[PDB]
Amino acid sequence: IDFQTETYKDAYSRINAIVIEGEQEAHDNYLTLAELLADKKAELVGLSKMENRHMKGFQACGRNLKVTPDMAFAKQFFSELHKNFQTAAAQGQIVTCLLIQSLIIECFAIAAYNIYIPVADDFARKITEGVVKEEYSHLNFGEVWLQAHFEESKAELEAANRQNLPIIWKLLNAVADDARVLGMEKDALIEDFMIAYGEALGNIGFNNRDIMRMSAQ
């Protein structure tokens, strides 16, 4: 892969902006969760601080390839997930907030970052490797909490999945062209998100039929 073509820098302007905006949103979402879940404030504040470090690392990736991120593009990209998290937070829907951030968004990131790693430039590869090592703890936080509250959370989890999983599939379809320019196959991204997200639903307490039913939305 040639990291200095106009085609690569163009695609990267949007992808790098998307990760940066995603990291900033995760930082904000974990702080919002620290107010809704007072009991886990220290944990959630620590997760927010990892997200700041991720955001800084991906800013540095962009400057390494001399690419100015298209931050407007990114903000548009996340607007529906952002709006949904906020509407949930505004009503005290902790379970919906956890499903959007800790499960769906972290699964999306884990899938994507692991596909990027073997096609990234050396500097971005090292950064991304450290980020993805941390994103497993984010996912596990949500899995542990929702597992411990499963029966009481189950209905809300199903409704939040119906509402937000279709949003993530649009994002996945929308990024695919630029992701291909970077060397990332779309089918691998779809498959890896569905594996990661199904396994997360399994850990929280959904049976295999329910996972298949939910994966269908």
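Heads up: residue numbers just count along the shown sequence, starting at 1.
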Comparing mean C-alpha B factor in the record for 7-15 and 194-202, the higher one is 7-15
Comparing mean C-alpha B factor in the record for 42-50 and 58-66, the higher one is 58-66
The residue of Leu33, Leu165, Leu172, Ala26 with the maximal C-alpha B-factor according to the PDB record is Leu172
Assert third(CA B-factor, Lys126) within chain per record equals highest
Split the chain's modelled residues into thirds by Cα B-factor; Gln76 lands in the highest
